[PDB]
Each structure stands twice: as C-alpha cells, then as structure tokens.
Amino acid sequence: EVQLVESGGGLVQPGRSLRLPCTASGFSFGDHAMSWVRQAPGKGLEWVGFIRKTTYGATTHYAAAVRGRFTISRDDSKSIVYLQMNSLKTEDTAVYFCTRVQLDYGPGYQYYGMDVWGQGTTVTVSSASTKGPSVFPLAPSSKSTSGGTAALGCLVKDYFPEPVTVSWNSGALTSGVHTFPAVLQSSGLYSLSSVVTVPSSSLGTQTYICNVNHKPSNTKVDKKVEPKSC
C-alpha cells in the first residue's frame, strides 16, 4: 500500500518554528516530486509549496503566503520530505497535507497532479490562555416569537480552549434545544450559543436556566433567562 504519514502537529505559539516530517512508503520516493497543501478550519485547499524530484535538482518553490518563512527539503535515503515552518502566524493554522506529485505521461509532457495524500496533521497557532466563559441571556420577546412558539437562548462567549457543553434546566428540557458549534473570534477566544424553542404561553410561568460546563477551567455557569415584555 502506498502511504504518506505526517507528524509534528500540535498547538504552537505565534512567532515560533515547527518541523513537519512526512514519511513515504510503498513506492520509489526519489522518483517523485513532493508537495504540501494546507486547509484552514472550515475552509478550502491552499497550496503551500513543493520540492522537485532528485534527478531535476530538488529545487523548491513556495506559495507567496509562506515564501521567506517556510522551507522544504527531502532525504531520499530515509524516504522523508520535511516542511520546516518558521516565524508562524495565527493564519497559518490549518491541517497540513503531504502529497505526492504523479508521473503519468501525457501528450509530450508529464502531468503534475497530486495523486497520493496523507491524512494530514493539524497545526494550531494561538497565544490564547485558558479562560472560562461569560454566559449572556438571549432574552425572548415578540421579536423572537414566530407564531405560538418563542426562541430563547444563552450566548457562551469568550472562552478557551474548547469545548463547552450546554444543558437546559439541568437536563430536564431537551425538546427544542439546539446547541451550535463555536466560532473562533480574532481575539483567539471561542463563542457559541444554545437556543431553545418553547411555547409563548408558558414563558411567564416556567423558569428556564442554561447550564454551561467548561471543564478546562473548572467553571460551571447556570444563567436564568428572563422574558422581556416587549
């Protein structure tokens, strides 16, 4: 089986260096050019760079985003290609894929498609520190009532790292609950929301409390959400 195996992933501080080794097996490593591609969370593929095969000089070329910061090298005797990341910034955060450049011959020239892909390694660049969340009420009102049922929630804001869990009324209320995935704000902190649909008739008779648990900081927060009469 033809395989590519990356390693070196983890959380690293902005401005530091990290080396990603990629080990090849099941094919003549020296006969192929090797190429690195990355993918930021929830985003598309972005080419990082590539190193030519040994018979063509092992020269390298880099994408403009990483030129002057990242380098690439190969060791044919160990069947490894490296991505040496230097002077890392928050927007280098991505999954890093090691890929092989094909040799399939076309009409007078060879193609250069990326025909084998590793499973990737996750590199995270962040300077954030552990911090429990702030829980804010999403107060229901006429503006959040869509004919009989009203929506109400809690905004779990400014926490690090993931994850949090949200329950309602200590897990007694489950019907109508949707908890959303978190966003990552530019400050480096996460924020998510949990909203529940309840009947408007019971808004002033039944109490609604959201229970937020952020184990990485040993905080639990219960917040009572009160209806706004407007």
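From 1 onward, residues are counted along the sequence shown.
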When mean C-alpha B-factors in the record are compared for 91-99 and 154-162, the larger belongs to 154-162
Residue range whose averaged C-alpha B-factor is higher in the record, 53-61 or 198-206 = 198-206
From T122, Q84, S134, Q110, residue of greatest CA B-factor = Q110
Scanning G171, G68, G30, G44 for peak Cα temperature factor in the entry gives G171
Hey, what third does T23 fall into on Cα B-factor, ranked over its chain?
-> lowest
Check where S186 lands among this chain's C-alpha B-factors and tell me if it's the lowest, middle or highest third.
-> highest
Among the modelled residues of its chain, does the C-alpha B-factor of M34 lie in the lowest, middle or highest third?
-> lowest
Can you work out whether the C-alpha temperature factor of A40 puts it in the lowest, middle or highest third of the chain?
-> middle
Please place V48 in the lowest, middle or highest third of its chain by C-alpha B factor as given in the entry.
-> lowest
